[PDB]
Each structure stands twice: as C-alpha cells, then as structure tokens.
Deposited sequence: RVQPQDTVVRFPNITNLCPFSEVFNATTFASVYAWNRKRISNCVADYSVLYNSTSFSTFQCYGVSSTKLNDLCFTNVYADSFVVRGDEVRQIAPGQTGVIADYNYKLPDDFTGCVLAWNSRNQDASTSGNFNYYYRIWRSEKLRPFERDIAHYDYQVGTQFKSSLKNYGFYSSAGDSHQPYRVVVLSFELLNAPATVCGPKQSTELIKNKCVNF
C-alpha cells in the first residue's frame, strides 16, 4: 500500500517477517506474479523458484517450515525480481530460511528462534543463509514478495 513498505531499503528474511499496522499496483507492471488470494503487510525475499510456494495447499521447505498459507483466500500475492538491490557479484548472504521444524506449522504460526537440529551425528543450525548472486538464473535470483491481510 504505502511507499515506505514497498520501497524499504532493509527488508526482513523469510522466517522473521515483520508486519506493519491501488492503481499504481496495477499499472506498475514490475510485478512478476499478480494473483490476489487494518492493513498488514508481510516480508519475503524468497527465491524465484520458491515464489510458487506462497500459495495455498502445497508442500515444500518454505511451505512446511517457513511462512504458511491457509486453505482459504484472504489477501493478495505480489512478487518482483530484485537482482539489483540484494544480489551481488560475491553473493548476498543476508537472508535466511528455516530448513526443519519438529512439527508442521499452524496456518499463521511464526517462530524466530535459533536452535540447532540433528543431522547425522552432529548438531547444525536450522537457519541457513540464501545465496543471492547477481549472475544467477531466474529460479535463484532474489524475489521480493509481499503478501497482505486484513
């Protein structure tokens, strides 16, 4: 909605998304995905492959460990490429996603905890950074995703 939400210089990760309490959206034509499913706006810098993970009724790493969409329609899904802001030649590892949970989330449950989970015989961090290189394919370039709800 507001310009401050969409034009934020610093934008939060997939797991720790921060919420805030229309003709330009239609005619901007920079939005790669335009499917519309108080004003709260969420914060996703998910990969281009994982843009389709922000949709009801599916599975995946984001869909079953990160932010989850319930089985009803509430808001609008917007997404655009961001290879110029948060993608570098040496990589931009400033965004994290949650690779594993003990149980699948509730339709809007969120946790920003930093626990180590068991892999093999060692304990490793459940938060892994995103490799956002500028010279990467469309499925691996950073996509700036905002969903909304009222």
Next item on the list: Where the model has no C-alpha, note the corresponding stretch of the deposited sequence, numbering from 1.
Entry: 1 to 18, 40 to 46, 63 to 75, 189 to 214
